[PDB]
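Trainee:
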Amino acid sequence: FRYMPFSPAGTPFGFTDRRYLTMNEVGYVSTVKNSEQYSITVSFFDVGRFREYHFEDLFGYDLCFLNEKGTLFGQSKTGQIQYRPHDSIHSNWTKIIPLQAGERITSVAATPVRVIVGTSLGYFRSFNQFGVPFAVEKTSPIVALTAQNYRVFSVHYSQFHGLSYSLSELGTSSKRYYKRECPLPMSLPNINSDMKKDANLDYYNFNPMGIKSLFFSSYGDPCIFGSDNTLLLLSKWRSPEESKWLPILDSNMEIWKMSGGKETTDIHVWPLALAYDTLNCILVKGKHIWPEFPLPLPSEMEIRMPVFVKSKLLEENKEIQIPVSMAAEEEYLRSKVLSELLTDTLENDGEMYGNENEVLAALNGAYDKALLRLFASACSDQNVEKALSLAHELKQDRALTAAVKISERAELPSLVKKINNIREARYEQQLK
Amino acid sequence: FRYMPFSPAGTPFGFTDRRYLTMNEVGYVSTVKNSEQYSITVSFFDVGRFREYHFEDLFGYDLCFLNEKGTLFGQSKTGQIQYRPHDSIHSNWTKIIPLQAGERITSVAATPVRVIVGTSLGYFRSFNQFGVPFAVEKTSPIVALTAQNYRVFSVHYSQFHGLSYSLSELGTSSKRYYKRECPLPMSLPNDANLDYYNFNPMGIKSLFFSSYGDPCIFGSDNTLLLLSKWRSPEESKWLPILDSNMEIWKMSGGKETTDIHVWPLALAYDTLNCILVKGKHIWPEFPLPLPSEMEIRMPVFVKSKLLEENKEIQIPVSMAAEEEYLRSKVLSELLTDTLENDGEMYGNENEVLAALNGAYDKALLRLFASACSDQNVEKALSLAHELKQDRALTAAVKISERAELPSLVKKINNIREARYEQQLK
Amino acid sequence: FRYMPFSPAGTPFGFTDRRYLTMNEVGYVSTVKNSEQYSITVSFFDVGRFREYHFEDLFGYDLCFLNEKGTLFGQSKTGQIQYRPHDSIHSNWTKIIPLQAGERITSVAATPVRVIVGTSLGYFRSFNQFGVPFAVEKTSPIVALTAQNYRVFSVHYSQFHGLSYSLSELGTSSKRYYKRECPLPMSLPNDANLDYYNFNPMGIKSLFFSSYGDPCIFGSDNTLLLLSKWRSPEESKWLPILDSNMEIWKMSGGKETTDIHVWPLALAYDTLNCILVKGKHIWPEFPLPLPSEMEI
Amino acid sequence: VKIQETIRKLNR
Amino acid sequence: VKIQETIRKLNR
Amino acid sequence: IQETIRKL
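Structural data, given as structure tokens:
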């Protein structure tokens, strides 16, 4: 197998003379073939904050990573990297990564405080924002790297284990692992024989794994966006025995819902980042699945739990109208997942933006409110058992009181007594 | 590679219009092609408890799983599932699983508290016994699923690792993994049975938790594999505990048969509830015979040595005591781990483990006697170290006295003294 | 793939009527084709410590392992094994392993306290030094086995990802795995020496534990690989601590000698006990030369 | 709400 | 004992 | 070992 230079949300040249090196929520880095050299352009979406600039590339950078404080460039073949801070405070620095025979740099990543370089032999070379090297580590061959603050999300590949991921933190002394080479259940591309003349074959030659992008969420949870266009979030990554990859967005399903249930073959999603519950992305219209020039304005796609069936949505519609009974099930699941993640985040890292406790408060509120809608539909069908199970999942005691009044309105006195038993049991466990 | 819809102990249609969806210790679920629809029949072995019924299948369910409280059905292509409780008190519910392009439901499982659906893309959708979803998870492509109470035994497949398995518990809070995609050393198939291995490529005839909560699997090699020490990840072992081909060979008087086969239902302590199939095909037919009970035997029997002792297959007591020692040691070690972490489940585990440890020493003392008969002082002392009860150590001393081996008596008394001195700490 | 019976530092028959079963720092075991049966000879390097002996092999063993207390023999097709302690105070014992249709014993190993048998179907049958069975375990198909005290280093072959290795302690409590079918970074084989690579298709010339408890393997690429820091799974690394191709070249003045080959026996802390072979064949024949020591 | 309008425009 | 009877009946 | 390779 041949390792390819990877960068988040990178696009190939294809049949043009220009492509995108990397791309995320901060901005986009493009490069244009200029006769014998290259012209790299670093642009930003918040035009007020940063000023777009461009320079001449005499080396042929094919690796890039962008953060809010600087831009990192890398050459997969020569092993030369260069970190260019956006601000003029610190100067740009350049190092040359040692590469053995046939060893290529496969991915680079940079935060305001850390710089990571990964090779095809599995070398994990890390530096600080000024170029002071850390310990050099030997791991599985790296195919994708992303980082946020002091934490690193690495994707490894081999002919033995297959596709694995590691989640680590680059401390002041050495590197500490939260997770080391656990299975990465990302769907791999399925290339056919008719794909040998398909228009999108060039991408899967430029990115064999199909990893369109990977990144940490706004709240610090690892995410990945494979060729199946499904956003996978890693839940409970602090507890190894509880680690779960949760599919939280079927972008193909959303586009189907936004198009009025009509199957389109020209609209694709290009992921940038995940903000709480919203996927910042680029909506690409055309034959190719990757964005070309000029780049549209970023769009915002809210995450939806993959619990929607196309056949049921078409019948309920006779935008795609979603039945409230089915939509309440998704809102319950989505709230449960978001609440569970943000709670783990606040109990270990505290706050990071200042309003998380307010977000979690309304999040748990929408959790019970959507859960009470399921409880109402259960009482409407006289299903006492299914309603009681729904009531057990309620969080706030004031939500239990609402379920009691709903049960009274439904004339289910046996259920009312059983719901009040939960209030007594929760009062008992709080005192013991 | 093409993933096939899997269900425990399921049979193919063959040249008929009927097959078995699932099959275990509770009962058997069959389906009959009815012009354009299907006729599903849910039967039970304990006829006194549950009433056999049947309904008309307008969807073509090819996935099924049966427990003591209800029956779960599934369609591999449309993604529709239906849970039918045995009692009429609880209502039937129906959901439709979202399936992407080419995504098939490969296996379903259900307990009184959980409902599990696994797809070919690796989607792990879990619900309660009423259809309320808990969380959607993305794992490796799933090929087989079984569950017991709150614990799930999943078998995964890929083009890299091959066959792996995950063992997890769906608690009230969150999901916890005991084992995550560890190697599954089940033998893969390597003809008259071609119809079966197209319906079940892996050859997984069935898989289930034991009656005491230990994962088991029954591949095409007709060998019952039990997962030992699954609570300690660094001590996990898959133990072959029954060579059903060898048993049929031993009960048939040493005659190689090509018409007797075993169809696994479940494992109760030391007994494999199964269906004895007579015929050219290895899967059961209609009508379904009565379940049989095959005691587990450690694969330590050699055909050539058994033929010499007979000149049913008579087993030499020296060899049968060695097998009883291993079988007791394995069963005792497993049941002790069960009682030390999860407690009891049936009410007789503490009595079973007590009698189990007894049969361990008794069979071990028989080996100790034969060692003294052959004047093998060294081999006898090693056997005495493996004794459990202190009463068995006292018995070994008296056996050494009858064999007139005073040197052995003193060394065994050192073991008795060392254990009595550990009792003083 | 063909599952060939393996033993540490074993040699094929070739066109001769004799070969070596096993061979390590303790000694060398050879077998000779007679009129109908075989003649096995167990010799030692410290002749002042162990008595050399020989017996008639009526079963035709093709598997052997040698430790400092006894010699373990095995037949890959009949499933018959035999342990012969070096001292006459302990009795020889014989036992037959159950083998299914087409199941072959691929490797055996022994210590003063354990006896290991592995099959082509993945059976792991362990016993004590007197034959008492302890457990029957099902794993991936076994192709190479070696042991030391209570540790066991097993090489398995999978249909998918190829060769793998496992490492485990058979303590009196319960078997504990340190590594479970991890990648084996050994180089598979790429003629006069074509008889050998049919006797050993996986090119594993020999494998053993070091004197400090680390697993080693010696592939057809003639590089002694050492597994370091295996107790810590995060820092587990394979280290090519000796390339015998370079050491031969440096000690021949700088001339590429194609008549010199290395045959590994063991690793005694700082030196590699081995056999330097002179001839067109990469495997030593008769008589066996004196053992050499190659520095690390 | 703005994204659903954009997709409607891109189809149109 | 019942299984040994069943296999004996199925045997020949 | 240097003397063994010389004689070989």
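Chains as they are written, first to last, in the entry's author numbering: chain B, 474 to 791, 814 to 927; chain A, 474 to 663, 671 to 791, 814 to 927; chain C, 474 to 663, 671 to 776; chain E, 502 to 513; chain D, 502 to 513; chain F, 504 to 511.
Here a beta-carbon is modelled for each residue, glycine too, at the ideal position from N, C-alpha and C.
Below 9 angstroms between beta carbons: does that hold for C/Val505 and C/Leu545?
Mentor: No, these two residues do not count as a Cβ contact at 9 angstroms.
Trainee: Compute the beta-carbon to beta-carbon distance between B/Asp839 and B/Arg711, rounded to the nearest angstrom, for a pair I have assumed lies under 8 angstroms.
Mentor: Right, the Cβ-Cβ distance comes to about 6 angstroms (below 8 angstroms), so this counts as a contact.
Trainee: Per DSSP, which residues does B/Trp743 bridge with? Please list them.
Mentor: BP columns for B/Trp743 point to B/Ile755.
Trainee: Could you tell me the distance, in whole angstroms, from the CA atom of residue 797 of chain A to the CA atom of A/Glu880?
Mentor: Residue 797 of chain A cannot be located in this model; chain A continues from 791 straight on to 814.
Trainee: Please give the ranges of any alpha helix (DSSP H) in the segment 670-746 of chain B, keeping only runs that are unbroken, at least 4 residues long and fully inside the region.
Mentor: With a minimum length of 4 residues, the continuous alpha helix (DSSP H) runs that stay inside the segment 670-746 of chain B are 674-679 and 724-731.
Trainee: Since I believe B/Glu826 is in contact with B/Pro818 (beta carbons under 8 angstroms), could you give me their beta-carbon distance rounded to a whole number of angstroms?
Mentor: Not really, about 12 angstroms apart at Cβ, beyond 8 angstroms.
Trainee: Do you know how far the Cα of A/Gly699 is from the Cα of C/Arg491?
Mentor: The straight-line gap from Cα to Cα measures roughly 42 angstroms.
Trainee: So the alpha helix (DSSP H) B/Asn665 belongs to, where does it begin and stop?
Mentor: First-last for B/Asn665: undefined, no H or E at that position.
Trainee: Under DSSP, the beta strand (DSSP E) around B/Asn507 begins and ends at which residues?
Mentor: Its beta strand (DSSP E) spans residues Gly500 to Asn507.
Trainee: Going by DSSP, what residues sit across from A/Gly547 in a beta bridge?
Mentor: DSSP output for A/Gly547 lists A/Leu536 and A/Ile554 as bridge partner(s).
Trainee: Quick check on this structure: which residue in A/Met496, A/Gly521 and A/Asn622 has the alpha carbon closest to the alpha carbon of A/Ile589?
Mentor: Among A/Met496, A/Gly521 and A/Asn622, the Cα nearest to that of A/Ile589 belongs to A/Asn622.
Trainee: Return the residue from the list B/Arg653, B/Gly500 and B/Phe528 that minimises the CA-CA distance to B/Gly521.
Mentor: Looking at the Cα atoms, B/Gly500 is the closest of the given residues.
Trainee: With distances taken from CA atoms, which of C/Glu714, C/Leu536, C/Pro769 and C/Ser660 is nearest C/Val742?
Mentor: With distances taken between Cα atoms, C/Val742 lies closest to C/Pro769.
Trainee: Return helix, strand or coil for B/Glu888, following the three-state DSSP convention.
Mentor: Three-state DSSP puts B/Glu888 in coil, outside helix and strand.
Trainee: Do we get a CB-CB distance below 9 angstroms when we pair B/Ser875 with the residues of chain A?
Mentor: Chain A contact via Cβ: absent.
Trainee: I'd like to know whether the C-beta atoms of A/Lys542 and A/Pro585 end up nearer to each other than 9 angstroms.
Mentor: Closer than 9 angstroms, so yes.
Trainee: Flag this pair as yes or no: are the beta carbons of B/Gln510 and B/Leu531 separated by less than 9 angstroms?
Mentor: Yes, the Cβ-Cβ distance between B/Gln510 and B/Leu531 is below 9 angstroms.
Trainee: Measuring CB atoms only, is the segment 611-630 of chain A touching the segment 709-725 of chain B, in the sense that at least three cross pairs come out at less than 8 angstroms?
Mentor: Contact between the segment 611-630 of chain A and the segment 709-725 of chain B is present, because at least three Cβ pairs lie under 8 angstroms.
Trainee: If you drop the 5 nearest sequence neighbours on each side, which residues of the same chain put their C-beta closer than 8 angstroms to that of A/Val502?
Mentor: Contacts found: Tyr493, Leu494, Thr495, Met496, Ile513, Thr514, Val515, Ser516, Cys537, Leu539 and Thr544.
Trainee: Which residue comes first and which comes last in the beta strand (DSSP E) that contains B/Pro767?
Mentor: Counting along the chain, B/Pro767 falls outside any beta strand (DSSP E), and DSSP gives it neither H nor E.
Trainee: So, with DSSP's three-state summary, where would you put A/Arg524?
Mentor: In this structure, A/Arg524 counts as coil in the three-state DSSP scheme.
Trainee: CA-CA distance, A/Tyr862 and A/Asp892?
Mentor: Each residue's Cα considered, the two are about 13 angstroms apart.
Trainee: Which runs of the beta strand (DSSP E) spanning at least 3 residues fall entirely within the segment 568-640 of chain C, listed in chain order?
Mentor: Whole beta strand (DSSP E) segments, 3+ residues: 578-583, 588-592, 596-600, 606-611, 615-621 and 624-631.
Trainee: Going along chain C in order, which residues have a C-beta closer than 8 angstroms to the C-beta of B/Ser631?
Mentor: Simply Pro656.
Trainee: Hey, C/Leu747 and C/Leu704 are a contact pair by Cβ (cut 8 angstroms); roughly how many whole angstroms apart?
Mentor: About 7 angstroms; that satisfies the 8 angstroms criterion.
Trainee: Would C/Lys758 pass as an interface residue toward chain F - the criterion being a Cβ-Cβ separation below 9 angstroms?
Mentor: Interface residue, yes.
Trainee: Does A/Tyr651 pass the burial test, meaning 16 or more other C-beta atoms within 10 Å, or should it be called exposed?
Mentor: Classification for A/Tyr651: buried.
Trainee: Take A/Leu594 and list the residues in its own chain whose beta-carbon comes closer than 6 angstroms to its own, dropping the five residues that flank it on each side.
Mentor: Here the set comprises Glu576.
Trainee: Given that C/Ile728 touches chain F, what residues does it touch there, using C-beta distances under 8 angstroms?
Mentor: Per Cβ cutoff of 8 angstroms: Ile508.
Trainee: Against B/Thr738, what residues of chain E qualify as contacts under a CB-to-CB distance less than 9 angstroms, listed in chain order?
Mentor: Correct list: empty, because the minimum Cβ distance to chain E is about 11 angstroms.
Trainee: With respect to the beta strand (DSSP E) encompassing A/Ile513, which residues constitute its N-terminal and C-terminal limits?
Mentor: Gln510 to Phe517 is the extent of the beta strand (DSSP E) around A/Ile513.
Trainee: Can you look up A/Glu851 in the DSSP assignment and give me helix, strand or coil?
Mentor: The answer is helix: DSSP assigns A/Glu851 an H, G or I state.
Trainee: First and last residue of the alpha helix (DSSP H) that includes A/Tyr650?
Mentor: Taken as a continuous stretch (DSSP letters only), A/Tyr650 belongs to no alpha helix (DSSP H), being part of the beta strand (DSSP E) at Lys648 to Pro656.
Trainee: Quick one: what's A/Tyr493 bridged to in DSSP?
Mentor: A/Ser503, per the DSSP bridge assignment.
Trainee: From the beta carbon of C/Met496, is the nearest beta carbon of chain F less than 9 angstroms away?
Mentor: Not one chain F Cβ lies under 9 angstroms of C/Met496.
Trainee: Let me make sure I understand the geometry here. Which of A/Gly693, A/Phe689, A/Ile697 and A/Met847 has the alpha-carbon closest to that of residue 930 of chain A?
Mentor: Only positions 474 to 927 of chain A appear in the structure, and residue 930 of chain A is not among them; the question remains open.
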